[PDB]
Protein chains: 16
Amino acid sequence: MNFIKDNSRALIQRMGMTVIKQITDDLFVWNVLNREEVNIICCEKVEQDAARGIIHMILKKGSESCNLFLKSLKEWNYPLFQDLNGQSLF
Amino acid sequence: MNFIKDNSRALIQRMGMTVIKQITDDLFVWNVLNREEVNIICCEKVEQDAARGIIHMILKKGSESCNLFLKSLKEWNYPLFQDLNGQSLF
Amino acid sequence: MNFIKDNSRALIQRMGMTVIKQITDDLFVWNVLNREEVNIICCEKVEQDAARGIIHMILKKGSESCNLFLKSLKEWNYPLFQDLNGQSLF
Amino acid sequence: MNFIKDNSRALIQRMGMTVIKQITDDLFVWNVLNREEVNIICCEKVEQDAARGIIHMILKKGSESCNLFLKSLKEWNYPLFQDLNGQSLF
Amino acid sequence: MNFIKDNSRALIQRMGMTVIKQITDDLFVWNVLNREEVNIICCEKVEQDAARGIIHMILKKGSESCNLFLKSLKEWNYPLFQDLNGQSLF
Amino acid sequence: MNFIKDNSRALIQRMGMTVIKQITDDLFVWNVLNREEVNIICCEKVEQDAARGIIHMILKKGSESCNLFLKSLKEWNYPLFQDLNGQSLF
Amino acid sequence: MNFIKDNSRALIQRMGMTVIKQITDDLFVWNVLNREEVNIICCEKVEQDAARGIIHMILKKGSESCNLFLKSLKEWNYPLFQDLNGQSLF
Amino acid sequence: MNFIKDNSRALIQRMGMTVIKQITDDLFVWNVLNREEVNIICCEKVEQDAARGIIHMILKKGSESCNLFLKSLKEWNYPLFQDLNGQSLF
Amino acid sequence: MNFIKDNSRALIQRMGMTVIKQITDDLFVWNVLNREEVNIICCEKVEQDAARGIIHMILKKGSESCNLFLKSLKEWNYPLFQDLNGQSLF
Amino acid sequence: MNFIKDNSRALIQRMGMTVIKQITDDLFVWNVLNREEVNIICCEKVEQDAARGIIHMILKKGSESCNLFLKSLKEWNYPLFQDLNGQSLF
Amino acid sequence: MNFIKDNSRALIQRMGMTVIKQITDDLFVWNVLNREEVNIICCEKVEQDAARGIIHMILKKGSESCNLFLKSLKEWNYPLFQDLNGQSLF
Amino acid sequence: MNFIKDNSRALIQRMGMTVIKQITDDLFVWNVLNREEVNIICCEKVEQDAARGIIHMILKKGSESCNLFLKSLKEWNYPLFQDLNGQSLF
Amino acid sequence: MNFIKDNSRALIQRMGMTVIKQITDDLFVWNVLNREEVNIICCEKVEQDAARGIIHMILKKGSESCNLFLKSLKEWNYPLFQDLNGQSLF
Amino acid sequence: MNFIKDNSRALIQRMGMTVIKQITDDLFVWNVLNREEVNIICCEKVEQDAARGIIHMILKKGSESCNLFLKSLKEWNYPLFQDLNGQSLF
Amino acid sequence: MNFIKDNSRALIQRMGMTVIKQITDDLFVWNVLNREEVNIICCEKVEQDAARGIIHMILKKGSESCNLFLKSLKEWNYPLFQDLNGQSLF
Amino acid sequence: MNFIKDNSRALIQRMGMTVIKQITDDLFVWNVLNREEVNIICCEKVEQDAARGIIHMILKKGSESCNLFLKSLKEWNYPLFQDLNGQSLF
């Protein structure tokens, strides 16, 4: 997927730590993240480092992992997702 | 948005804890804040840390989230908002 | 405003609970206090804590809020106000 | 439930402390509130903080807890409930 | 309603304890006050605190509760009501 | 003023309820007491609590309020005043 | 156990801090939690972080620890448990 | 005991302050209430808050404390007790 | 000691705030609690959090501290103690 | 001083609210209590909480403050003082 | 300054919360404390933690800040100050 | 020892950070770990890396170090140990 | 010193956060702890991590630092110290 | 700039966490700090590590960044700044 | 490009780790860096080694890669860029 | 210098990370350490590796660098320094 990669600047800089943890939780439940991968994203004291961890990880895990990432990103951080897609807020 | 950022000094130092919680409530109802984001703003025992949380969060969430922030800021803490805009009290 | 701040020692220690509630009422009517801010000043079982609440709050809310504070302070607790300004009682 | 959430602004700002305690009592009797949850709602010296406690709590506890909340809200604070639903007073 | 709020200074300072209890009674009969709300207004040893209780309570309970408040206020304390409205005594 | 404070033991224990109400009346007429402050001194079912109310209040209101307090105390309860000053009865 | 894991989204977002502490207490008494594990769940200023702590911890501690977790979850937060199992409130 | 809990709505709203004080006295004599617990029930200026205090307290103190509570409740406020049990007045 | 730990569920949920403060006082006098430990137990606005504080603290302080805890618990909250030990009320 | 501390159980449980206020007054006049400390002891609706406030406060303020405390305690509540010292009533 | 540091044991354990808030107020007025520093000292629910906050803060802020601290400490908590300096009470 | 090695999958993935630190502490006290080895296990921000550190280290240190490891593992994380040995929870 | 090390299990698990902070304060005053070392012990949200910090630190700082540690440990947490030394409570 | 570097000992050891956050805020608004740089200074649980972060960062960012740093340092922590410059307090 | 090379002293010594990671991110999105090259820059525990990695890498990748490097360097670390170009801060 | 080298065992094992960072800071200010050398000492996640870095570095940098090292070591970690020199604590 290119949408993550193309906007990975914004995604790294804008996804809250909360958003990252929650996406991570959904992804763990959906069996695209190892508990270690979860813990390594979550252990970063810095937001943006956790963001880099998750983004590069998901990009390496293929189209479907990326689709799931964007699914839960839309759910948990709808404002950012709509802003990235040039869409308004509803 | 730059108005938040440019005045973020004053906003951090002057928004009451009340003002922060109330803005947060409006924003949650308006679906720009995750309940976790709400709880993390609200859990800060310090006013100004809650203020930093909300401000940086909203700045990361784009123009529309910032507009909504300023909308409810005007409502709930009209004196501060008018003072920031160099306006009198009505 | 500096008059509040410079004399905030005396204001905290000397404004009666009554004086605080009444100032608070005028300020609420004059739309410089949120009902929550009112309730939080009023809920302090201690006089001086209510005083601190109102004083720091008004200082954060700018010149005009401070002017209104001193207006109603003069009205409701004229003796204290005149004593702070080095004035006699009329 | 969305009715609570959509109107949670008004509910936080308008439910009296009495209304909150009484709803809490009904809900405890109806076994949707732990005695601790009761005590934590009740221990807030501020009305609106107790309101936030109960509202977010009930929203997390699902549709049926929310229905019971609105049931007792209608009973104990009928005026507010009718005003929220755009209804007159009978 | 704004008439209560705008004149809440005068209403707090001028409604007799009697006037407050009687308004409260009418309002209880008219089902805008919980017996607890009645008891909490009535238990204030201070007139003006009871006044604050009733006024803020009714303001939170909406337009119709406020209209009923002013109805019975006109009945039981007609002099004050006419003085607030800039009217003479008949 | 120190005379009130130094003798506040005796003043609390010895000023009759009558003496307190009357001093309060003079002070209200002389515009050092808010009607609420009057009502709060007067509402104490206990003499000595009313005494504490007035004494601490006047001490907070400065030298001139204290002078007026002692003026009317001399008038209305001359025996106590002379006993405090180590003076005889005339 | 999969029930915890499959619903861990809801469990993280919905278990009150109270519910977490109480489950933790039962589990400590039942000797599936070290006092440190207790303190680390309890020290999170954020509800959902405490929830993540307990959930991942219990999942790592096996079937029986998970069964005990769900036992006390049913006791202390019966509404949530029934909502997760698609059951009504009794 | 469930009878107290199930009817705690009615008990909170209907036990007179008198009834509460008297039950409290019997319970103190019967050594199920600490003098502090007595004073804390009695110090509530509001009836229903005293009622909540006693009810939750007794529920926490077990079956026998609850039985004694209902014993003296039957004695001192027989009408309420019979109304709760669906019984007539003798 | 295991009696505290085994029943710590009940002890947390049932010891009144009064009971906790009083036990704390006895324990401070008996030199098993630092004044800070006293203040930290007492500062919890929630009963059960104060209970957790004292219980975990005393468990960490050994057999004799636990024995003293149960001694004063028997004194000040005899009903609970007898209920925990499966004993009747005398 | 140890006499206060050793008997602080009895002092907390037995000093009347009156005794506490009066001791507090003497101590304020004797310049060992800040008016705020006075107001905080006096604002406790519960006797024993006021007692705890004064006792811990005076213990922190040293030998001489404690001596003055016991002086006025002997004066105002001579029966309790003699009972604590194992002395009869004269 | 060494006097604060050498006696910081006693200062932490003995300065009342009141004393801390009042010193803090004087220091804020005297422009050695940021409003945030004020709020962070004041937000500690524990006395001694607030004490640690202020003490370490003032020690870091140099000789003159420490001198001002001791000035207002002498004013507001004269008994403690004299006890630390091995002086009697006047 | 083979029990560690054979189950090292589970041990790496399931031992809490707490469990690791505590085992490490016991082992340091029992003189099978250098303070550096302690610090290197403890410095891993990731649980599982700390787990790998301790496990491989202990395996290299022989039968007795492994026996001690399993001893303290049984103590501090009894649930995991029993689950690994196919045993129930007591 | 070996007494700390041999009992460091118990010391880590049993020293209250209070005990740790207070020991730390004494040690800072006694010039065996850098203010940073103080802040790093104090910043641990977990009790036992603060305990590990102080214990390993003091062990590295030699016999005299350890003696001072045990001195203040005896003072501030006498019960634990006596329990470790197999001594009773006095 | 050399003033920062020469006094970086004192600056690291004396700038409060508050001072650091506030300087950081001004600098972010003044566009000498990336939001990540802000978050990395702010995420240090230790004051002095945050201080090191900001100081070394600003030194690397040149004369003008250093001038701005000292500007806001003078504003927010005037006492420290004057002490470093060998100046008194005004 | 020579601007990078000529100033590579300053660039190595002054670009924050943050600046390096962010430039790296932009460059990866702009398809001048392989994910491995990203990971190798990012894996350096030392700032300046990461700086050397990126600088030499980009110099080898030609004029356009260097132009993009300087583009994002201007964006993310504008102060350094302006200082290198002998320009002021805007 | 031989004192460092001869005791480098103890220095590596006993200098806290804090002590190392602080020495490093003094040495950087005193122009015996390159900012890179600072960052490389500071980047070691392990205390003792940072210690080795600084010690070997300073030994290579000659007598005067070693003298400065021991100067600041005496300042910041006086206990260790006195223990190494066979001296007591003052």
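Just so it is clear, none of the values below were taken in a lab; they were calculated from the coordinates. Quick reminder, even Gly has a Cβ in these numbers, built from the backbone with ideal geometry, and neighbours come from all protein chains shown.
At-a-glance table
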| item | result |
| --- | --- |
| Cβ-derived FRET efficiency at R0 45 Å, I:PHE90 paired with L:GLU36, nearest 0.05 | 0.15 |
| For the range O:62-68, 3J(HN,Hα) per residue [Karplus equation, 6.51 cos²θ - 1.76 cosθ + 1.60, θ = phi - 60°, Hz, x = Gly/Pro] | x, 4, 5, 4, 5, 4, 5 |
| Whole-angstrom gap from the range H:22-43 to the range I:1-53, using each part's C-alpha centre | 21 |
| Residue of chain N nearest the N-to-A rotation axis [by Cβ], rounded angstrom distance | N:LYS45, 4 |
| Whichever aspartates and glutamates have a C-alpha closer than 13 Å to that of J:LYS5, once near sequence neighbours (fewer than 8 apart) are set aside | I:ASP25, I:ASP26 |
| Förster radius 30 Å - calculated FRET efficiency between F:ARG9 and F:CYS43 (Cβ-Cβ, nearest 0.05) | 0.80 |
| Projected label distance in nm at K:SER63 and O:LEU59, using a 7 Å step from Cα toward the beta-carbon | 5.2 |
| Phi-based couplings in Hz for the range P:24-36 (Karplus 6.51, -1.76, 1.60; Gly and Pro marked x) | 4, 5, 4, 5, 4, 5, 7, 6, 10, 9, 5, 2, 5 |
| Taking chain L and dividing mean pair separation by its residue count, relative contact order in percent (alpha carbons under 8 Å, at least six apart) | 35 |
| Karplus 3J(HN,Hα) series, Hz, for the range L:73-90 with 6.51 cos²θ - 1.76 cosθ + 1.60 (x for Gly, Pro) | 4, 4, 4, 7, 9, 2, x, 4, 4, 5, 5, 5, 7, x, 9, 7, 8, 10 |
| Tensor-based shape of chain G (alpha-carbon gyration tensor, a/c under 1.5 rounded, otherwise prolate or oblate) | prolate |
| Filter on E:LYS74/F:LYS21; C:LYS21/E:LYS45; B:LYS45/K:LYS21; N:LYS61/O:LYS21 - keep pairs with C-alpha separation over 21 Å | E:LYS74/F:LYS21 |
| Assigned charges on the beta-carbon of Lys, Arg, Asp, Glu; chain I dipole about Cα centre (debye) | 140 |
